[PDB]
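Since the structure comes first, as structure tokens, the remarks are kept for the end.
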Amino acid sequence: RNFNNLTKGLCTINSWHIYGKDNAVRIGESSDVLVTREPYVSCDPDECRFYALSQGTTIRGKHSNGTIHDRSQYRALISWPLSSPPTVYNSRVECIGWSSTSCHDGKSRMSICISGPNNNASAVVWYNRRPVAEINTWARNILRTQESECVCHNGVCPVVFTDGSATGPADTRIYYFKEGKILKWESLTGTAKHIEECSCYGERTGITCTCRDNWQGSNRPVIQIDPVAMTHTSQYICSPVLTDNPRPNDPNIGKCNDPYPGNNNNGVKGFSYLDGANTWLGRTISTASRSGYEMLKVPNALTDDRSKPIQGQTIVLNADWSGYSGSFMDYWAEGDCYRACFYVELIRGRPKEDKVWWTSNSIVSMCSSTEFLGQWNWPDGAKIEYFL
Amino acid sequence: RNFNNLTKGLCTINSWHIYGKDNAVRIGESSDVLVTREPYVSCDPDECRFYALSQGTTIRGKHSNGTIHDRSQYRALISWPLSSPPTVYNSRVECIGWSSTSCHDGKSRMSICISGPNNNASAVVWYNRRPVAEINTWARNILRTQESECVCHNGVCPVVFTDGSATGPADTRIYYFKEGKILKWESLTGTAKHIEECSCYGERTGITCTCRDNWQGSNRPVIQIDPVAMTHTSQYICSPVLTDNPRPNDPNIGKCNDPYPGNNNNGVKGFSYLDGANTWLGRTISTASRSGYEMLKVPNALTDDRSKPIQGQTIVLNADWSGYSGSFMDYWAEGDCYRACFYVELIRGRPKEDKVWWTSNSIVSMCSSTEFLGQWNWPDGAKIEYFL
Amino acid sequence: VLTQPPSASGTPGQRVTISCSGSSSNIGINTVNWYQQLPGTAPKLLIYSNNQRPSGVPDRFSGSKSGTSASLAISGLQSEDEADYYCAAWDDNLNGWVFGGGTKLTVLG
Amino acid sequence: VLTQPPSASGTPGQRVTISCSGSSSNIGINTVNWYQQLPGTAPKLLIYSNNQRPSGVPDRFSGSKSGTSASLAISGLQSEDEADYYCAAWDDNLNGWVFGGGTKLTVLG
Amino acid sequence: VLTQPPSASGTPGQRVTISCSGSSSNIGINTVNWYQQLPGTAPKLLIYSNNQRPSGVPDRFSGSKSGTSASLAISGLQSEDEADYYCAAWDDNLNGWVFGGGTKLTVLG
Amino acid sequence: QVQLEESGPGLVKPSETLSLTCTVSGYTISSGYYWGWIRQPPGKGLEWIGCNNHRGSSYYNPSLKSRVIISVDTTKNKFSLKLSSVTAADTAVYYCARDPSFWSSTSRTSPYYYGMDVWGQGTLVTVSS
Ligand SMILES: *[C@@H]1O[C@H](CO)[C@@H](O[C@@H]2O[C@H](CO)[C@@H](O[C@@H]3O[C@H](CO[C@H]4O[C@H](CO[C@H]5O[C@H](CO)[C@@H](O)[C@H](O)[C@@H]5O)[C@@H](O)[C@H](O[C@H]5O[C@H](CO)[C@@H](O)[C@H](O)[C@@H]5O)[C@@H]4O)[C@@H](O)[C@H](O[C@H]4O[C@H](CO)[C@@H](O)[C@H](O)[C@@H]4O[C@H]4O[C@H](CO)[C@@H](O)[C@H](O)[C@@H]4O[C@H]4O[C@H](CO)[C@@H](O)[C@H](O)[C@@H]4O)[C@@H]3O)[C@H](O)[C@H]2NC(C)=O)[C@H](O)[C@H]1NC(C)=O
Ligand SMILES: *[C@@H]1O[C@H](CO)[C@@H](O[C@@H]2O[C@H](CO)[C@@H](O[C@@H]3O[C@H](CO[C@H]4O[C@H](CO[C@H]5O[C@H](CO)[C@@H](O)[C@H](O)[C@@H]5O)[C@@H](O)[C@H](O[C@H]5O[C@H](CO)[C@@H](O)[C@H](O)[C@@H]5O)[C@@H]4O)[C@@H](O)[C@H](O[C@H]4O[C@H](CO)[C@@H](O)[C@H](O)[C@@H]4O[C@H]4O[C@H](CO)[C@@H](O)[C@H](O)[C@@H]4O[C@H]4O[C@H](CO)[C@@H](O)[C@H](O)[C@@H]4O)[C@@H]3O)[C@H](O)[C@H]2NC(C)=O)[C@H](O)[C@H]1NC(C)=O
Ligand SMILES: *[C@@H]1O[C@H](CO)[C@@H](O[C@@H]2O[C@H](CO)[C@@H](O)[C@H](O)[C@H]2NC(C)=O)[C@H](O)[C@H]1NC(C)=O
Ligand SMILES: *[C@@H]1O[C@H](CO)[C@@H](O[C@@H]2O[C@H](CO)[C@@H](O)[C@H](O)[C@H]2NC(C)=O)[C@H](O)[C@H]1NC(C)=O
Ligand SMILES: *[C@@H]1O[C@H](CO)[C@@H](O)[C@H](O)[C@H]1NC(C)=O
Ligand SMILES: *[C@@H]1O[C@H](CO)[C@@H](O)[C@H](O)[C@H]1NC(C)=O
């Protein structure tokens, strides 16, 4: 084979349609389904799979008690076929660690996993199932990565890392990898102030990433990466549509070389597709909780500080619990453009449901269409009382 | 394909990083996971798998009562993907027997398994999934083998066997196999006095094996095998760092043409990487029990009887139960050197935990790195009370 | 460990038996031996190989084995047969001579 | 949260101890500190790094840790040692200074 | 079938409410309507689309919906409001107009 | 010897933001030790709130973060604590303290996690109508 190149444009997005859904909790009630968090979707040239970090226990086991904590020596990155639940008998382990990211470059898959204590943390870069290279910490404060998939161009796969306070300035770096090896890295630049958990996609040029600001505001940072030059810049989305959670109420005028204030030290992973007029943003419905989920068509959101939605679609009702979301694409599909897709984590259990001592998620994902299609709701459908 | 040749050197080892972990017991609490012992790791040209001897029962079944005994007609060698638990639905059986070893020569896999009564025991050599050759006993006292993987060079795979008292002199032999057939064998020679359960790795020349002395001392034997000449020698490690378990307290000066005394008729499987300055030894923390595990960098340990550690890493805390350990390598990986790796068995249940009537293990493994990475702990994380 | 009853009895001239049992790793696979101990001395081997006896042992002592259990039959019980009887076998899990404790045989009268 | 008993006691001159315990994310991995609070003021650090003490702290105060539990031993108990004692440790799940509540040490007499 | 309480009551001038609930296939997704039936006649539509009312319906009748439940609030309760009130919604599993039975609202005095 | 002293209002109404300032003297805080705050309800034990340094590398108690801000003014050698939406449960003694952890004291021979060696005398804050 050869390396995948970013040559096609994005398809026009008129509506979204369902791509996949595992119903992991509904199944888990009576079967050997693993407890997971932080799911994402990624495709190889001929296959799409779900990825997630498991807790080293099944939903109904007794070791499911306390799964609310996310950094432990029992966590690992697993992969399983789309729309199947993450069962113990069909999952493959990709790596070990409490935080990770992965992607395919057209020849093979790269996977980066972070493990260790909060200070003396480390990351191991795997390629084609072999460990290749390692990274130690620099700030010594819970090294973090993207969670969602990475995008490669001609063999080069930029990856975003953070080490430092999650409630203050932090040192972030972009590493450029090829076949698992480090070509170079850069200190992050531009006007964004705090970067975490970036969701990225490529088009015909560079790679665009939507990230979380977990310090000052509800205004998401955007990173623009040029994989050939291996250079980048950053800014916030200039739009009076806030997308983080929690968030203050939407202003009439947005700003973008400064985070929009009002909700400190918090936020969630999310995504956007920025394409001039063909621009869509995702967010929760609730401004105070991880509940509901919607897509809004907001033309020129990246640069127009008075832009407002002109079209949209409800994915998850605000009556239903939501979770982290992010973007993905099939870069090997036939056609002259890429079909944009995204996924949403549906979180059940603690801390919102205190009747159980575990936490878990189900996953739903959707892809764009050029047709105007109808809409429906996508809850996980699990009855918490069945687990009591 | 062709045969694998031992042509590359060892990589510099500055630190160890996690390679894999199954969490078999934590999962087993609520699922159909098999009871095993004596795990090891071995790789084919494109895949790494865990190997272990199963007891013919699941952890939560009623036949798990009494699994403490290790020689029975219900034992078999199984293989399953790295970091997955040894479940009943994803394991492949390689052979039947209570003691075994295996390895890949670049074209196919060889597997040797021992079965039978304590006196009229026998071994069957399999190759490419067919039985090829058989070996009967010579001393008639529980024929034993290496447990961990074997190393092949240009098709020849030396294997170490023992038949005789485990508490006195015994007859040991080295067999040289090719494509499952016996080319020759040799009575063991050199100055080592008692050899069991050898852990071997190759470099650019020969094959180096670290073995257990289960009779006179805490000073591990080393066997040096030349696979081309099909000849060998032996000695003990000349280092005042004892590595067996139980062991007396470390002396100031070691010795090596005689076992270091003080703890008779006991000991465990373990390993070392001997490479002049780039020398690392593994051992338990406890001197009296199979608890904890650490790696020590002890330059020139093979020959310097006053050498002491200059660097090290804790793998398992002494608060946690440990078990057998050993070495392995991926001999098909890209690069100019071999990345050294090792594994540790974590034993749970009887005889240390008398609240349950079974025994089982979880497995963790690590590989070297040239970077200086931090360290963490790797317990299995199972709550014994959940099984009561 | 093999299992034996703590005692046995009968009158002179009667046939009495002592049983022994348990597992597949020992008497269930290997042969079983019987020994007789008198209060003041070392035990004597009476039966070996399930049903053979050393020269000098009376033929009133007859061993038998089946399955995972075994027994010693004493025909023509004599006053002189009052003794502690022991069952023993090689047990492959331990790889060496397991005893069942003993049975006290009392001759009545 | 770390666990401590609500109270402890002894007479002058006795050796008394205060325990502290729970989890693998905190004292089970990191070091443990002890602080002493008198009724009218801020707590003073007595023990750090499991068994070290700041200059000025009497050597009658001796810390120890094992497993997932720890303790503070007070030798030569004085009337002046009546105090609220606290156990604290970094806990990686929260990533910042967990306290066990306190133990009231009463000197009898 | 939707669930309604069998009765409701209050005195003139009070605000009273009638609840309606159950499932995700009906009021949980679609809109809810309310109808009022007097003892001698056909029911009248009061509320449609959760909170809208047909012309001629007093503004004392206010509908509301959330989640999988809904209610009708009657402000300024009048003697004339004594009636059988019904909750109804489209239910996609049946694909056609499910009713909750009715609630009898009694004006006291 | 560095001294610490808390100051600010002893009374805040419910829902209001509480603001306390700790003045540091005898030491320039731009040098890097972490400074932070501890809370002690009148009848309870100690609770850590958070700490920060001159570079803003803050740490906060997860139960309070998003409600609480800790900042450092190197120019005036002061640091301060702010908590929005105070409630009855927030009545407590607040203390400011110095923390030499994270090798911020400029030593690598120190425990990474050290403890709090310098405490101010503290202040009592009541939340009430
Ligand atoms: C079959 O399926 C299809 C597909 O699903 C269904 O059709 C869909 O129906 C949904 C219904 O929700 C629509 O979604 C909403 O769309 C509106 C936008 O559409 C209107 O406005 C557009 C722009 O208006 C501007 O330009 C015009 C130009 O002349 C100007 O006149 C106007 O004043 C303004 O300047 C128009 O383009 C659009 O017209 C088009 O569509 C018409 C539809 O019938 C058609 O007739 C026209 O010819 C033309 O085609 C139309 O006028 C979004 O605004 C809306 O999003 C808001 O509301 C949802 C409701 O829950 C909310 O969740 C969103 O968050 C958002 O509301 C918040 O943000 C606002 C931002 O300012 C704020 O103002 C709101 O108050 C609110 O804010 C609150 O929450 C935030 C949360 O953080 C908080 O911060 C705030 O403080 C506050 O609390 C939805 O997206 C679909 O677009 C529509 N799709 C299609 C393709 O038609 C169809 O009905 C189904 N059929 C059946 C039988 O079931
Ligand atoms: C982030 O992660 C990194 C990576 O993990 C962390 O850094 C690691 O921290 C660990 C802490 O455990 C270190 O492991 C120990 O290392 C020491 C060796 O290091 C010291 O000594 C070396 C050699 O000294 C000799 O040469 C010097 C030359 O001048 C000479 O002066 C000296 O007198 C002596 O001759 C030095 O090379 C080394 O210096 C280097 O590292 C320094 C670190 O800070 C650095 O400053 C220097 O510049 C330089 O770089 C340093 O001085 C090992 O000795 C130790 O192993 C012993 O202790 C552990 C403790 O539990 C024990 O388990 C071991 O078994 C062993 O102790 C037993 O055996 C001894 C053998 O004689 C015996 O004496 C002991 O009493 C003890 O024996 C007991 O148990 C046995 C059991 O059978 C029993 O038989 C006996 O009777 C008895 O009961 C550890 O290996 C890592 O090396 C270090 N790694 C790195 C890369 O730095 C880092 O801290 C983490 N950071 C954070 C923030 O968390
Ligand atoms: C799950 O783990 C929690 C850990 O706290 C258990 O909660 C403890 O349960 C014991 C026994 O009932 C109580 O004495 C403790 O006070 C509890 N601690 C807390 C903080 O509530 C819980 O029982 C476990 N059980 C289940 C069903 O998950
Ligand atoms: C597991 O097997 C052991 C085999 O000994 C069982 O132990 C015996 O149990 C019976 C019934 O309670 C007792 O009469 C025997 O005295 C026991 N023998 C010994 C040596 O303890 C044990 O009960 C089995 N059960 C479980 C739960 O594993
Ligand atoms: C990707 O673009 C580069 C630009 O030089 C080209 O060399 C490379 O071959 C392209 N990749 C493929 C698969 O053609
Ligand atoms: C291994 O070395 C021998 C030495 O003669 C050589 O003949 C053989 O072909 C080598 N193996 C391979 C795969 O080249």
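Just remember, in the structure tokens the first chain shown is A, the second B, etc., residues are 1-based per chain, and ligands are 1-based in the order shown.
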
task = For chain C, report every residue with an atom at most 9 Å from chain B (counting only C-alpha atoms), formatted as a VMD selection string.
result = chain C and resid 25 92 to 93 95

request  = Name all residues at most 9 Å from residue 320 in chain B (count only C-alpha atoms; drop same-chain ones fewer than 3 positions away) and give them as number ranges by chain.
outcome  = B: 290-293, 316-317, 346, 378-380

Write out, as a compact mmCIF listing (two decimals), in the first residue's frame, the residues just selected, with N, CA, C and O atoms.
```txt
# COMPACT_ATOMS: atom_id res chain seq x y z
N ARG B 290 7.36 -15.15 48.08
CA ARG B 290 7.23 -14.67 46.73
C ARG B 290 6.43 -13.39 46.68
O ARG B 290 5.28 -13.38 46.26
N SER B 291 7.08 -12.32 47.11
CA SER B 291 6.50 -11.00 47.24
C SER B 291 7.36 -9.88 46.70
O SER B 291 8.58 -9.78 46.96
N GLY B 292 6.72 -9.05 45.89
CA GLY B 292 7.34 -7.90 45.27
C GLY B 292 8.18 -8.30 44.10
O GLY B 292 8.38 -9.49 43.83
N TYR B 293 8.71 -7.32 43.39
CA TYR B 293 9.61 -7.62 42.30
C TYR B 293 10.36 -6.38 41.87
O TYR B 293 9.76 -5.31 41.71
N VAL B 316 6.82 -4.49 41.27
CA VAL B 316 5.76 -4.95 42.14
C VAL B 316 6.16 -4.63 43.57
O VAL B 316 7.31 -4.81 43.96
N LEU B 317 5.24 -4.12 44.35
CA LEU B 317 5.52 -3.77 45.73
C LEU B 317 5.59 -5.02 46.56
O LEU B 317 4.96 -6.00 46.22
N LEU B 346 1.81 -13.12 38.72
CA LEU B 346 1.33 -12.66 40.01
C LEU B 346 0.41 -13.71 40.58
O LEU B 346 -0.68 -13.92 40.06
N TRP B 378 2.58 -2.43 39.61
CA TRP B 378 1.66 -3.23 38.84
C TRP B 378 1.04 -4.46 39.54
O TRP B 378 1.37 -5.58 39.19
N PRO B 379 0.16 -4.27 40.52
CA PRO B 379 -0.61 -5.28 41.22
C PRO B 379 -1.66 -5.82 40.29
O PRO B 379 -1.96 -5.18 39.28
N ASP B 380 -2.24 -6.98 40.60
CA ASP B 380 -3.31 -7.48 39.74
C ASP B 380 -4.62 -6.75 39.99
O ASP B 380 -5.42 -6.56 39.08
```

task = Find the residues near residue 18 in chain F: any atom within 8 Å, counting only C-alpha atoms, skip ones fewer than 2 places away on the same chain, and give them as JSON, numbers by chain.
result = {"F": [12, 16, 20, 81, 82, 83, 84, 86]}

Kindly save the residues from that selection, with N, CA, C and O atoms included, as a PDB file, in the first residue's frame.
```pdb
ATOM      1  N   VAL F  12     -19.821  37.258  55.228  1.00  0.00           N
ATOM      2  CA  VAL F  12     -20.274  37.294  53.860  1.00  0.00           C
ATOM      3  C   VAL F  12     -21.729  36.838  53.839  1.00  0.00           C
ATOM      4  O   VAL F  12     -22.113  35.987  54.645  1.00  0.00           O
ATOM      5  N   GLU F  16     -22.964  35.319  47.989  1.00  0.00           N
ATOM      6  CA  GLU F  16     -21.928  36.275  47.643  1.00  0.00           C
ATOM      7  C   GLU F  16     -20.571  35.629  47.494  1.00  0.00           C
ATOM      8  O   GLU F  16     -20.357  34.496  47.916  1.00  0.00           O
ATOM      9  N   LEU F  20     -10.583  36.444  50.535  1.00  0.00           N
ATOM     10  CA  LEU F  20      -9.584  36.543  51.598  1.00  0.00           C
ATOM     11  C   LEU F  20      -8.191  36.742  51.047  1.00  0.00           C
ATOM     12  O   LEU F  20      -7.796  36.119  50.059  1.00  0.00           O
ATOM     13  N   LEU F  81      -7.616  34.180  47.929  1.00  0.00           N
ATOM     14  CA  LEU F  81      -8.634  33.190  47.719  1.00  0.00           C
ATOM     15  C   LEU F  81     -10.006  33.748  47.491  1.00  0.00           C
ATOM     16  O   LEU F  81     -10.512  34.516  48.312  1.00  0.00           O
ATOM     17  N   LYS F  82     -10.657  33.303  46.431  1.00  0.00           N
ATOM     18  CA  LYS F  82     -12.022  33.725  46.198  1.00  0.00           C
ATOM     19  C   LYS F  82     -12.972  32.568  45.988  1.00  0.00           C
ATOM     20  O   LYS F  82     -12.698  31.663  45.201  1.00  0.00           O
ATOM     21  N   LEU F  83     -14.120  32.603  46.659  1.00  0.00           N
ATOM     22  CA  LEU F  83     -15.127  31.555  46.464  1.00  0.00           C
ATOM     23  C   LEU F  83     -16.489  32.097  46.197  1.00  0.00           C
ATOM     24  O   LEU F  83     -17.032  32.845  47.013  1.00  0.00           O
ATOM     25  N   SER F  84     -17.030  31.749  45.049  1.00  0.00           N
ATOM     26  CA  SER F  84     -18.329  32.231  44.665  1.00  0.00           C
ATOM     27  C   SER F  84     -19.416  31.460  45.359  1.00  0.00           C
ATOM     28  O   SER F  84     -19.201  30.332  45.818  1.00  0.00           O
ATOM     29  N   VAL F  86     -21.179  31.518  48.244  1.00  0.00           N
ATOM     30  CA  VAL F  86     -21.011  30.923  49.562  1.00  0.00           C
ATOM     31  C   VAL F  86     -22.312  30.479  50.195  1.00  0.00           C
ATOM     32  O   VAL F  86     -23.382  31.066  49.994  1.00  0.00           O
TER      33      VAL F  86
END
```

inquiry  = Which residues are near ligand 6 - at most 9 Å, using only C-alpha atoms and all ligand atoms? Format: as a ChimeraX atom specification.
reply    = /B:1-7,106,153-155,228

inquiry  = Let's see if you can do this: from backbone DSSP, list all helix (DSSP H, G or I) residues in range 15-193 of chain B, as a PyMOL selection string.
reply    = chain B and resi 24-28+62-64

task = Would you list the contacts of residue 27 in chain E as a PyMOL selection string, taking every protein, DNA or RNA residue within 10 Å and counting only C-alpha atoms, but skipping same-chain residues closer than 6 positions in sequence?
result = chain E and resi 2+20-21+33+50+65-70+87-91+98

Near-residue 107 in chain D list (9 Å; only C-alpha atoms; drop same-chain fewer than 6 positions) as a PyMOL selection string = chain D and resi 8-12+77-82

Using the selection just defined, write its residues with C-alpha atoms as a PDB file, in the first residue's frame.
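Dumped everything to selection_5.pdb:
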```pdb
ATOM      1  CA  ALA D   8      -6.561   7.954  71.949  1.00  0.00           C
ATOM      2  CA  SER D   9      -5.312   8.097  75.510  1.00  0.00           C
ATOM      3  CA  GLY D  10      -2.704   7.215  78.098  1.00  0.00           C
ATOM      4  CA  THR D  11      -1.031   8.401  81.268  1.00  0.00           C
ATOM      5  CA  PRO D  12       2.121  10.514  81.366  1.00  0.00           C
ATOM      6  CA  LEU D  77       3.597  11.070  76.707  1.00  0.00           C
ATOM      7  CA  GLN D  78       3.457  14.539  78.214  1.00  0.00           C
ATOM      8  CA  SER D  79       0.527  16.622  79.425  1.00  0.00           C
ATOM      9  CA  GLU D  80       1.527  19.054  76.720  1.00  0.00           C
ATOM     10  CA  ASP D  81       0.820  16.447  74.061  1.00  0.00           C
ATOM     11  CA  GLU D  82      -2.923  16.670  74.528  1.00  0.00           C
TER      12      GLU D  82
END
```

query = Do you know which residues are within 7 Å of ligand 2 using only C-alpha atoms and all ligand atoms? Can you write them as a PyMOL selection string?
reply = (chain A and resi 119-120) or (chain B and resi 241-242+248-250+285-287+294+296+308-313+372-375) or (chain F and resi 112)

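Across the structure, CA of residue 323 in chain A and CA of residue 52 in chain A are spaced 13.5 Å apart.
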
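Residues of protein, DNA or RNA having any atom at most 7 Å from ligand 3, counting only C-alpha atoms and all ligand atoms, are residues 65, 66, 356 and 357 of chain A.
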
Nearest to chain D, chosen from F:103, F:94, F:37, F:114, with only C-alpha atoms counted in the distances =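 Counting only C-alpha atoms, the residue closest to chain D is F:114.
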
inquiry  = Show me which residues are within 12 Å of ligand 4 counting only C-alpha atoms and all ligand atoms, and format the list as a ChimeraX atom specification.
reply    = /B:59-68,350,354-359,387-388 /C:1-3,22-23

message = Would you mind listing, as an NGL selection string, all residues of chain F that have at least one atom within 9 Å of chain D, where only C-alpha atoms are what counts?
response = :F and (44-50 or 59-62 or 95 or 111 or 113-122)

inquiry  = Would you pick out the contacts of range 92-99 of chain B at 10 Å or less, using only C-alpha atoms, so that residues sharing its chain but fewer than 3 positions from it are not included, and give the list as a ChimeraX atom specification?
reply    = /B:38,51-55,70-81,86-89,102,110-116,122-126,129,131,142-147

Would you kindly report the residues of chain A within 7 Å of chain F, using only C-alpha atoms, as a tab-separated table (two decimals) with N, CA and C atoms, in the first residue's frame?
```
chain	number	residue	atom	x	y	z
A	165	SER	N	-0.91	22.09	34.82
A	165	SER	CA	-2.16	22.28	35.52
A	165	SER	C	-3.35	22.29	34.61
A	167	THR	N	-6.02	23.62	35.58
A	167	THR	CA	-6.72	24.78	36.09
A	167	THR	C	-5.86	26.02	36.03
A	168	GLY	N	-4.90	26.02	35.12
A	168	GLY	CA	-3.98	27.13	34.97
A	168	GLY	C	-3.23	26.93	33.69
A	169	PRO	N	-2.20	27.70	33.40
A	169	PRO	CA	-1.40	27.59	32.22
A	169	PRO	C	-0.76	26.22	32.23
A	263	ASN	N	-17.34	30.55	33.43
A	263	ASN	CA	-17.30	29.20	33.97
A	263	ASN	C	-15.88	28.69	33.99
A	264	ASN	N	-15.31	28.68	35.17
A	264	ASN	CA	-13.91	28.36	35.34
A	264	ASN	C	-13.64	26.93	35.70
A	265	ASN	N	-12.44	26.49	35.39
A	265	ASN	CA	-11.91	25.20	35.79
A	265	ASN	C	-12.77	24.00	35.41
A	266	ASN	N	-13.40	24.04	34.25
A	266	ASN	CA	-14.23	22.93	33.83
A	266	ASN	C	-14.39	22.92	32.33
```
